[PDB]
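Residue numbers (full-length UniProt numbering), protein chains in the order written: chain B, 3 to 127, 129 to 271; chain R, 3 to 127, 129 to 271; chain Y, 5 to 480; chain C, 2 to 523.
All C-beta atoms, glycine included, are put in the ideal place defined by N, C-alpha and C.
Please read the structure below before turning to the comments.
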Amino acid sequence: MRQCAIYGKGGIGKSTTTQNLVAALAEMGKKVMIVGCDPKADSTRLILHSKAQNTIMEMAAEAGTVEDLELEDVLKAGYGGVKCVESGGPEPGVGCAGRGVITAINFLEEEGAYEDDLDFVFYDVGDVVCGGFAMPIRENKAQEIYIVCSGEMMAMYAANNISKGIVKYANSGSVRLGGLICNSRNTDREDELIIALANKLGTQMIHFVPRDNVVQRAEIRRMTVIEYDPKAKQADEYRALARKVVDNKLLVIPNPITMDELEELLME
Amino acid sequence: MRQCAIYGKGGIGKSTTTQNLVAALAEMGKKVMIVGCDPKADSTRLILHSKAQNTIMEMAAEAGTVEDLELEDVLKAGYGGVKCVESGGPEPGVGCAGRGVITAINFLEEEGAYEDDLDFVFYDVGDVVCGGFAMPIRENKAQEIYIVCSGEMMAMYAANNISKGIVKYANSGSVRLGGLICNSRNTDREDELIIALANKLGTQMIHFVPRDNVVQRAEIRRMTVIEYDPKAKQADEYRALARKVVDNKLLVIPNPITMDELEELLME
Amino acid sequence: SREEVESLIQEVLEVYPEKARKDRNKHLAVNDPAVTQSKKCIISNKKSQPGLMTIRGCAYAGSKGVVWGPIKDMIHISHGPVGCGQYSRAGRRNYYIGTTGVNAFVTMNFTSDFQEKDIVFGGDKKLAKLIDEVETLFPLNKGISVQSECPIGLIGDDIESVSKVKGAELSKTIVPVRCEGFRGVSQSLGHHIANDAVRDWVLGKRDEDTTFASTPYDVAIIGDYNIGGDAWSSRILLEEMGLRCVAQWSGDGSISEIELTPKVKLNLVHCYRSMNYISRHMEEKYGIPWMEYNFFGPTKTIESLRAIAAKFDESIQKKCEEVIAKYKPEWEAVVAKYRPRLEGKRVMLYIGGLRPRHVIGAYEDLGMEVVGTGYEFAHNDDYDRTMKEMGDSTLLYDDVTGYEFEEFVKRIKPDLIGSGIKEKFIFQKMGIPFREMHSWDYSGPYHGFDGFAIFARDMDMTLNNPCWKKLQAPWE
Amino acid sequence: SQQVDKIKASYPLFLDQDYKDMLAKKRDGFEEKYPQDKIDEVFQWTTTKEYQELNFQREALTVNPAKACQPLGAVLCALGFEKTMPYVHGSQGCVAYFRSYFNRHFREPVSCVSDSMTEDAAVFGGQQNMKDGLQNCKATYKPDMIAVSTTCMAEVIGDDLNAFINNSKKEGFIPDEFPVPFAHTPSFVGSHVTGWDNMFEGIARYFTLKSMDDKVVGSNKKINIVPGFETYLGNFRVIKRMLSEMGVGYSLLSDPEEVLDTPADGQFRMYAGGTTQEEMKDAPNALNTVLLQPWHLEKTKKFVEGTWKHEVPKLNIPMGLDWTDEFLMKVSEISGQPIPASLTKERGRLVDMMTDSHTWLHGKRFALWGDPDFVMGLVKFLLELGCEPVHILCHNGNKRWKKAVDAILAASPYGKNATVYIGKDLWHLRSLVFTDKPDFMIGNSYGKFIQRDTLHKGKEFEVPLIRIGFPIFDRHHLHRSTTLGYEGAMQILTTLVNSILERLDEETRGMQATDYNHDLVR
Ligand SMILES: Nc1ncnc2c1ncn2[C@@H]1O[C@H](COP(=O)(O)OP(=O)(O)OP(=O)(O)O)[C@@H](O)[C@H]1O
Ligand SMILES: Nc1ncnc2c1ncn2[C@@H]1O[C@H](COP(=O)(O)OP(=O)(O)OP(=O)(O)O)[C@@H](O)[C@H]1O
Ligand code: CFM
Ligand code: CLF
Ligand code: SF4
Ligand SMILES: [Ca+2]
Ligand SMILES: [Mg+2]
Ligand SMILES: [Mg+2]
């Protein structure tokens, strides 16, 4: 059972890209779980169908202590028998969400959530701001990491900045960058652009994802594109991303680049 | 001396919109300061001309303790006599940046960085993830907040999500929402969609900012659009945003909308 | 013993990997009786090297431990998790009068007892309900000092605001004191944070209130945490010299007593490391001169008894002499009784930021020459007061570590040593007489005249006790 | 004043009229203290039933705990493994407290180190100090092992101890083969007892998880003994004595005894005794593992039963009479060795003291508190002796626990008059001894104040404090006694009967008043 952690610069496309990838994975008859390590609590909203259900941290607040919670309360079945859970967290400007992520993953691990025959466990991590948000990539958490990026100067600065922090957990641990996933700038010189960075990093660009508004038609209609419009152009695209991932065996240790070489790229 | 914080969803346009606004504010012969409350450390890079200078938390580590630092080491003059300081921060997955924001802000205040002769102190705050990132809006910090947004479902969910976390510091304190700043995300109804949400919120749409590529030219070249191409179309736009801000008197207490009224908007 | 300490020091440091090696080598240097800066001789107040057995504390030990804890008519809330609070309950021996639980709350421990969720969701909301429960369950509480802990510092909670709201609401003074452990290099910051914390929320509230009468003698004892009664053992002399002791800061202190410091004629400071900061704001804002004194032993107290006198009129001076004459026979009696037993016995010390230099005089009188000292959180300006009180070619340490200290003790071979609880055992095992200095080893007052008496007797019961001769078994 | 040949210390000195005068002038002069009238009033108030409900309705403030944080319970666990170094990742003042605290109780040296995480640490994470700290400490105090712990500071900033450790290895600071177990020890979670679990289990893994493939259940035919957070050396010793006099093979995983009791003979010993790694390494080859205090070793059991595949016994803490025969019987069931006639005698000798002392102990109502295993233990034995365990408080206890204790009380009639209390602090018990007054209290030194407060009310209301548990600072060398099994039960009993006998001698020693009941023999 592989567990992969999906990272990226907030607002480039982690959750959709994920829920859709697992939605596709679910289509392939796979036992998957989506751990939502983001205070926003939308990591599962597209597979379960709603704003969001009762989260771990929010729930554990009710019982007084997290140790009082039961995996039955947070873990819920959604589309294609995909299991979901949310790490929960505070509100803008109060508390430590980096903690919830920890509390939540510990709980899942602790309550033997990795107990049933799961084939894939996807951690949809938000911003990699501090120590807690690195939780997914220790030992026993996720081994494969799929950084999301785009053709923007800052979207890559991140993909770069992210993989940089990974080398700490990657050297000492076993977690590794499996590849970048691109959610484009329309394909206008980007189809190959990211591939450049993927190399200077030492990883591959697993798959390129289009800017198809079918994602908004699904997003606003509270579902994935794979359930929403099964044959839409980007429905297969997401099926591709899913298929490539499954067969992907390229897991490397990231080689960060410098601002200078970074900007050098775009510059050319 | 007014102090405004600028918030928004990672990846919509805080730093450029801020630096350009103060760039324009400098053009107007104003004494302005930019406090970089973000770990990435690019809040000043366009006004100062490089990747980034020596930050507070990074510098203070050299002196062993923050109490050993001198405002002279972090504060550097930039374009149009604009002062710039960075809070500093750890790398992805390690440490606590929400703390740097604090240590860095307390420092500037401690070392009398305000007991200067400024007219505008802009706080470029990154993700509002936890408590320390709420620093720029207590008592004695910022009183005006300008949430940046775009015509995307997820960009508004944040503009709304942000103002929600504001009402907490707004009710108990004096901070208020001055108005939304639309930095183009290319929709069709960018003009009205936002204005609409601006009303359901109880604020105004201070200004609308074009999707001009002069900013990639400025961005990749290591500078603002105001110093790069002074007469470029969007150079006056950013001047507009700055001017409107200066004269702006509208500071209200937000009134979040619900998912249902939200999606109702777009659907309209 | 001239080049010795150097062949001793770099031999001890010899074990230290190069990172720590260079560093420590500068914290311990030979003392020349005449240099007036330690920036050439030794360094202090820097970060402690990892994994080394330090005794240094944190900013918390300084604000809730030394400074606030002591205010008997207030309720100091340990804000943060459970450990801290329950590790310092009655640890310090700063004595006081009153009805604990009813009127006073010092040997007591109030904590917000942070749980998993408090940390996640952050908690000022818990702090407000908690500032509420005290007012109801502890009516006679006269203010609340909220001592923060590490978590509060990271989670970034506005404990500063709440204290304004609840308090401005409950009509009671609340001190949003920030003493996060991760702050500072030692406990020191806690002091500086405390001092200021005082001048902000407590000190300046009786500013336009003159229902008080400043007598040309009114004073306040600042920096006497009254460990064991030292504050009373000193408040007695001043008053018997005619001065009017108005305030005592931390050590049976009253929140109000702290509030009357501004209207005094002179601030007497025994702890130049803890209340030195405040004693300046005390003078630049209010304009109230302050001085440093020492009440350890006859010759120090006697001397000081006169310094604090000259700052007044001759009237008090002749009165002062009467006090000195009174105790002259008593302390003389002590020396003639004990000095014979302590004579020539040398002693080795290691304390915080005052006693390290301040006890030597109390020793000179007993004839126990001091051949080594050190501080765990002092600054150069604290060593600047030391070099003189010391002999030449004496070894000094700063933030000394187990290996560092233990090796000096093993080589210099002292008859008596004085440090804290963490160290009291390691040497008692080496058959070296140890006498706690921090807690006075639960003994009586040492400051002043009556105090000196017990001291001179406490060194004797321990140093010359029979136990020591019984360490190595006969058959060996 | 002080006279040379009769030096008055802290208490006689301030009693002198000269000093009393002083304090009065301070009080009436600058304290702005309330008049005794209302002070007495507010007191009179707190000591009531009205105040109690207010007290218990409490939900945010805590007054005088009965627990400590986790890192403290970790350090003690570590002290147990031979030549290891309690290493705490985080602040330095924490360990400075952890140490100072363990001193006052055992009153011997307490070695433990810390990576002094300064302000920058919180802001940039704590990598170097962990890296260097492991090197410096390992270089200076020369351990064989270092078990990393963590203060609040690392938990929030979520430093990955694991990664942090391994980098230092690869980065070349410490021999890659150097044993360095670890365990996140969130002081803001559970309690000190919990730290002991996390810390222990951590180690139980470091030496087994990887090597599980070649170990056979019961290869050395021995019995593992996991103590848990235990501070009475007498208990470590007594448990070893019994198994040992049974001819039972065993291994005490986590054994402080030598190290916390190093003879003062001139040579300082930073380490002594302890459980060998080679011993912890071989653990799985035993017949079965025994957990003396399951209620705070719940994470250990999960591992032992899970990874080692040990059929862990459902035993309670070996306290009192019944829970001891059960402990021994089960050991007899496993080791193969029978219960020695030796131990059987001991038992009968204990039952002898019971029949012999039963009169005085019968019906004595007590109030008590401590750790979950202790209280559950003590309470039990109290029913055996025939005393009413009126108020039972356990500040760090839980629901599953509480209701296991209630049931133990449901069995005997001497237990039908007692209530359990979890998540309730000392200040709550101050009330319970006032509204429904005991005879005595059985706790730590912290119960010295609940005692005082009862006296101020009225001598006929004072509740004497019998010190059993942890801490015990106001007394000397109690740390050497035993509270487990027969041996440690002979003591508990004597300590009460004579605790009672003493009071009766004090209550009744008034000449021509109460001295008539001053029986020479009892
Ligand atoms: N294929 C796509 N083309 C264009 N826009 C897309 C596509 N997929 C997703 N989006 C848009 O991206 C926005 C954010 O997507 P998503 O919810 O995945 O965010 P995210 O950045 O991963 O969130 P977080 O960082 O908070 O986990 C939504 O407005 C969504 O419609
Ligand atoms: N309307 C616009 N005008 C100028 N640049 C734009 C616009 N829309 C998008 N961009 C480009 O997108 C990127 C986002 O700009 P910026 O540097 O402000 O980042 P950001 O995501 O707002 O920063 P942060 O999230 O760290 O606060 C830049 O590359 C910018 O030039
Ligand atoms: S170790 Fe005093 S600067 Fe401070 S608790 Fe003791 S040598 Fe402190 S004199 Fe004082 S009353 Fe003390 S003895 Fe300055 S207050 S942080 Mo440990
Ligand atoms: S420096 Fe958290 S409960 Fe408190 S002892 Fe800690 S592990 Fe335990 Fe100083 S302010 Fe307090 S003692 Fe900061 S945390 Fe230590
Ligand atoms: S930056 Fe991270 S570790 Fe720090 S308070 Fe915020 S969420 Fe927590
Ligand atoms: Ca001892
Ligand atoms: Mg998402
Ligand atoms: Mg920015």
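Query	Result
For chain Y, is any of its Cβ atoms less than 8 angstroms away from the one on residue 98 of chain R?	yes
So, does the CB of residue 179 of chain R fall closer than 8 angstroms to a CB anywhere in chain Y?	no
Among the residues of its own chain, which have a CB less than 6 angstroms from the CB of residue 45 of chain Y, if the five just before and after it don't count?	33 and 39
Is the CB of residue 215 of chain Y under 8 angstroms away from at least one CB in chain C?	no
Using a Cβ cut-off of 7 angstroms, which residues of the stretch 83 to 117 of chain B contact any Cβ in chain C, in chain order?	98, 100, 101 and 104
Using a beta-carbon distance below 8 angstroms, is residue 422 of chain Y in contact with chain C?	no
May I ask you to report which of helix, strand or coil DSSP gives residue 74 of chain Y?	coil
Please list, in chain order, all residues of the same chain as residue 184 of chain C whose beta carbon is under 6 angstroms from its beta carbon, the five residues on each side excluded.	199, 200 and 203
Using the C-alpha atoms, what's the distance from residue 47 of chain B back to residue 226 of chain B?	8 angstroms
Alpha helix (DSSP H) containing residue 411 of chain C: first to last residue?	400 to 412
Does the distance between the C-beta of residue 100 of chain R and the nearest non-hydrogen atom of ligand 8 fall short of 7 angstroms?	no
Do residue 115 of chain R and residue 77 of chain R have their beta-carbon atoms positioned less than 8 angstroms apart in this structure?	yes
Could you check what DSSP says for residue 171 of chain B in three-state terms: helix, strand or coil?	helix
Say whether chain C places a C-beta atom closer than 8 angstroms to the C-beta of residue 103 of chain Y.	yes
Chain Y partners of residue 142 of chain R, CB-CB under 8 angstroms?	165
Closer than 7 angstroms between beta carbons: that is the criterion. Which residues of the stretch 107 to 125 of chain Y meet it against chain B?	119, 120, 121, 123, 124 and 125
From this set, Y:442, Y:35 and Y:23, which residue's C-alpha is nearest residue 10 of chain Y's C-alpha?	Y:35
Is it buried or exposed, residue 230 of chain C, if we count other Cβ atoms within 10 angstroms and call 16 or more buried?	buried
Would you call residue 263 of chain B buried or exposed, if buried means 16 or more other Cβ atoms sit within 10 Å of its Cβ?	exposed
Helix or strand or just coil, what does DSSP make of residue 138 of chain B?	helix
Is the closest heavy atom of ligand 5 to the C-beta of residue 133 of chain B under 7 angstroms?	yes
Mind pulling the chain B residues with CB within less than 7 angstroms of residue 164 of chain C?	141, 171, 172, 175 and 176
Quick check on residue 164 of chain R - is its C-beta less than 8 angstroms from some C-beta in chain B?	yes
Beta-carbon separation of residue 131 of chain B and residue 182 of chain B under 8 angstroms?	no
I'd like to know if residue 158 of chain C contacts chain B, where contact means its C-beta is closer than 8 angstroms to some C-beta of that chain.	yes
Kindly list, in the order they appear in chain C, the residues whose Cβ is closer than 9 angstroms to that of residue 67 of chain R.	119, 120 and 121
Locate the alpha helix (DSSP H) running through residue 90 of chain C, then write down its first and last residues.	Unbroken run through residue 90 of chain C is the beta strand (DSSP E), 85 to 91; no alpha helix (DSSP H).
Is it the case that the CB of residue 229 of chain Y approaches a heavy atom of ligand 3 more closely than 7 angstroms?	yes
If I follow the unbroken alpha helix (DSSP H) through residue 479 of chain Y, where does it start and stop?	Looking at the DSSP string, residue 479 of chain Y is not in any alpha helix (DSSP H), and its letter there is neither H nor E.
Of the residues Y:309, Y:434 and Y:443, which one's Cα is nearest the Cα of residue 476 of chain Y?	Y:434
Determine, using beta-carbon pairs with one atom in the stretch 251 to 258 of chain Y and one in the stretch 79 to 94 of chain Y, whether at least three such pairs fall under 8 angstroms.	no
If I measure Cβ to Cβ from residue 454 of chain Y and keep anything under 7 angstroms in the same chain, skipping five residues before and after, which residues do I get?	237
Which chain C residues sit within Cβ distance under 8 angstroms of residue 59 of chain R?	121, 124 and 125
Note down the Cα distance separating residue 167 of chain C from residue 388 of chain Y, rounded to an integer number of angstroms.	44 angstroms
When the distance is taken between beta carbons, is residue 380 of chain C closer than 8 angstroms to residue 369 of chain C?	yes
Let me have the residue list for ligand 4: C-beta closer than 5 angstroms to any non-hydrogen atom, ordered along the chain.	Y:62, Y:64, Y:85, Y:87, Y:88, Y:153, Y:154, Y:185, C:70, C:72, C:92, C:94, C:95, C:152, C:153 and C:188
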